[PDB]
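See below for the structure under consideration.
Here the Cβ positions follow ideal geometry from the backbone for every residue, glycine too, while neighbour counts run over all protein chains shown. Numbers and lists here come from the model and the stated rules, or from a named source; nothing here is a laboratory result.
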Ligand SMILES: [Ca+2]
Ligand SMILES: [Ca+2]
Ligand SMILES: [Ca+2]
Ligand SMILES: [Ca+2]
Ligand SMILES: [Ca+2]
């Protein structure tokens, strides 16, 4: 099966205007007529995202602002953190602006110092790097790849799992972070084995979604497992799991077994499987 | 469309990482006396014999796992295997690096080395918290570092990068040559995934930035660890329009062109395409002979 829909935060590619990032003159020129999106510390916004006049906060782009690119018509848009008076629905462009702003400002919050030598870092190039104050070495935004997998039997049954300390009825796909030295396919097999003890084959990619909570990209997969093999939960974070039929899943979707919100690529994978 | 013919090098085998032992300091300390040890120099080179990484006796360097060692998992016999950085005697044996000689390694050795290389390089670059600047201390067999001030765990970093073969749906594909590259050296278009974008959006954005094409039907082919120093390469193909002209926007590409399957096959059997462990070569090969 393929995904029926593009995942929600994946929909558009905004015009990021990469070439402007290293052009402080063009950034400073665009500022007077530029738009500004403002996020609080949890990455929440005012709502379509409110775009205010950048010029209101100053006559030049502040250090801690991030240049998001251009909206249709060529207006520059920036993002800043501020005290205000959760993506966790928006138009496509707002969703992309927010995903970018959220990820980038969360990175800044967590990248104030060099991991290499501990020196403070200074934002630069429209907020797309931070520079080691001592050495001049550039640090770059971090996005951790994570897999999320629907294990199925090749027919009408699929594994869903509930993490320890998730609410009782809340089941979903199996997830994990990619480790150093492994392929995505190897990561999927490893993580499924760790979580529910199954050996899976035919690991197949479905799609992807930015997941700035705070810094993931979710990579969706399906894989073939064997229901005659028993579960085993000890090595993982799963409290329980079971094989469910397409009928059960469709039923749970139409609502009791609870599946994650359409925001997650997880829901899109399950939906696309259940109605294939 | 098309699929990869081969699993990329470095993707072939998945190590027994024995994750549960990382958080069991007692079992790690017990296993040490009979444990194996792989040693990498600063450039990530090792000694190999018959395609297989040399495993020395861990006990020779000390009675306990040193702080800077990384626990790689289990080798045959129940034995633990670890990696450390060390100065290697460049004159008393050939030192092979994965990037130049990866083809010579057994699958398991290649994966051990890829993991060790990535993990030791991470340690070298993760001595301090990016959050607050505090020193960090390795723990869990080298699989985290702990903020000395706050106790917050820092985790190994792997940056996703895409690499894309843009084609016309038929018999022609874009290859591009970077400014810093020798004449006739062409390859696929590559870039790092940025915050806030999907892989598909990243592919479209990077192709646009590098050669000015608008591409659709972004399709995943495969993946390969790429510890030089800390990537994972994610291979894709996409449909471009040859009637749209190139534009070398971001300044990274000096030239690019559409090449036929015949040209590419020809260049592979020797536009220069050298031999390579990169997924890039596997993508081009798989396309050219589809
Ligand atoms: Ca551009
Ligand atoms: Ca585990
Ligand atoms: Ca051998
Ligand atoms: Ca020496
Ligand atoms: Ca690039």
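Against the condition in a strand (DSSP E or B), within 16 Å of ligand 5 (Cβ to nearest atom) and under 25 Å from the mean Cα position of the chain (by Cα), how does residue B:236 come out, does it pass? Yes, satisfied.
Looking across B:100, B:145, one residue alone is surrounded by fewer than 16 Cβ atoms within 10 Å (Cβ to Cβ) and more than 8 Å from chain A (Cβ to nearest Cβ). It is B:100. For segment B:212-226, taking the residues that are crowded, with 22+ Cβ neighbours inside 10 Å and at the interface with chain A (Cβ under 7 Å from one of its Cβ atoms), the one that is nearest to residue A:179 (Cα to Cα) is identified as B:225.
The listed residues are B:84, B:13, B:42, and the only one of them that is within 20 Å of the chain's Cα centre (by Cα), closer than 29 Å to residue A:184 by Cα, more than 14 Å from chain A (Cβ to nearest Cβ) and part of a loop (DSSP other than H, G, I, E, B) turns out to be B:42. A residue that is touching a helix residue (DSSP H, G or I) at 6+ places or on another chain (Cβ under 6 Å) and surrounded by fewer than 19 Cβ atoms within 10 Å (Cβ to Cβ) occurs nowhere in segment B:34-48.
Does residue B:106 satisfy the criteria of being out of contact with any strand residue (DSSP E or B) (no Cβ under 7 Å at 6 or more places or on another chain) and either within 26 Å of residue B:278 (Cα to Cα) or more than 10 Å from chain A (Cβ to nearest Cβ) (or both)? Here the answer is no, as residue B:106 does not meet what is asked. With the condition kept exactly as written, say whether any residue in segment A:51-68 is surrounded by fewer than 22 Cβ atoms within 10 Å (Cβ to Cβ) and within 14 Å of chain B (Cβ to nearest Cβ). No, segment A:51-68 has no match at all. When residues in segment B:243-268 are screened for being under 25 Å from the mean Cα position of the chain (by Cα) and assigned to a helix (DSSP H, G or I), 3 of them pass.
Matching residues to (1) at negative phi; (2) in contact with a helix residue (DSSP H, G or I) (Cβ under 6 Å, 6 or more places away or on another chain):
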residue: B:171; (1), (2): yes, yes
residue: B:181; (1), (2): yes, no
residue: B:184; (1), (2): no, no
residue: B:195; (1), (2): yes, yes
residue: B:210; (1), (2): yes, no
residue: B:214; (1), (2): yes, no
residue: B:225; (1), (2): yes, yes
residue: B:231; (1), (2): yes, no
residue: B:237; (1), (2): yes, no
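Of the listed requirements (1) assigned to a helix (DSSP H, G or I); (2) not assigned by TED's automatic domain parsing to the domain that holds residue B:73, residue B:115 misses just one: (2). Just one residue in the set B:209, B:200 is within 16 Å of ligand 1 (Cβ to nearest atom) and facing chain A (nearest Cβ under 9 Å); that residue is B:209.
No other residue among B:26, B:20 is surrounded by fewer than 16 Cβ atoms within 10 Å (Cβ to Cβ), part of a helix (DSSP H, G or I) and within 14 Å of another protein chain (Cβ to nearest Cβ) apart from B:20. When residue A:117 is tested against (1) surrounded by fewer than 23 Cβ atoms within 10 Å (Cβ to Cβ); (2) within 7 Å of chain B (Cβ to nearest Cβ); (3) in contact with a helix residue (DSSP H, G or I) (Cβ under 8 Å, 6 or more places away or on another chain), exactly one condition is not met: (3).
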